[PDB]
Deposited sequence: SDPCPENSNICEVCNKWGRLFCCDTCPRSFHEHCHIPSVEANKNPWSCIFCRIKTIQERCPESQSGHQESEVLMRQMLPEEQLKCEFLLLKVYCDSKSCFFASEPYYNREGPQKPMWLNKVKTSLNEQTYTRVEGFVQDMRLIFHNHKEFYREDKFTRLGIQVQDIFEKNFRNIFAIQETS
């Protein structure tokens, strides 16, 4: 039978089936380590990061001018900033092409990958928003060479675009 019939049969992030956790405030479902932060198995009720971002947004409607990028980057990683960074990281994973940047590469003076950023963010290693944003941009900085197969070049271009669009939407940057 379906134990959670009003929640998705498929992970919001990776669009695959399996062992899923089911949000109590929206129909979304997630693998334990696809959600960011990791799902707390014993939290009841549990609201996913989409619902928690929506709550923050509804209680602090944005200004018409928005924010400067440098103002945002200099922010201490207070709980709202941490959550927005987690949601921004998650929106990158939400693209299937993210898997090519998720794992440790097998060149650059500072390799970087999404699972390393996930770990650093979960351990709250970043003390400012800029620490997170800098590591995310390093991933794309490290891939600035034409690939023999153009599709691999276009891949980083598109994931970088996904990051930058979400970064400005989520933090409401000018």
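- No C-alpha positions are given for the deposited-sequence stretches 107-110, 179-181.
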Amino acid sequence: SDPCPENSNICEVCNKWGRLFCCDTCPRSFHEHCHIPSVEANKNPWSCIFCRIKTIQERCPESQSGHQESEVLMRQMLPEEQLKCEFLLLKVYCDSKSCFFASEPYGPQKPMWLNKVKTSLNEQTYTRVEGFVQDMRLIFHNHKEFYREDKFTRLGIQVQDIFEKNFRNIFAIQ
From here on, numbers count along this sequence of modelled residues.
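- Stretches 80-88 and 67-75 differ in mean CA B factor, with 67-75 having the higher one.
- Higher mean CA B-factor, judged across 41-49 and 26-34 from the recorded values: 41-49.
- The PDB entry assigns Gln174 a C-alpha temperature factor belonging to the highest third of its chain's modelled residues.
- In this PDB entry, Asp161 carries a Cα temperature factor that places it within the lowest third of its chain's modelled residues.
- Among the modelled residues of its chain, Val133 has a C-alpha B-factor that falls in the middle third according to the deposited record.
- Ranked by Cα temperature factor within the chain, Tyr147 sits in the highest third according to the deposited record.
- Per the deposited record, the Cα B-factor of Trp113 falls in the middle third when ranked against the other modelled residues of its chain.
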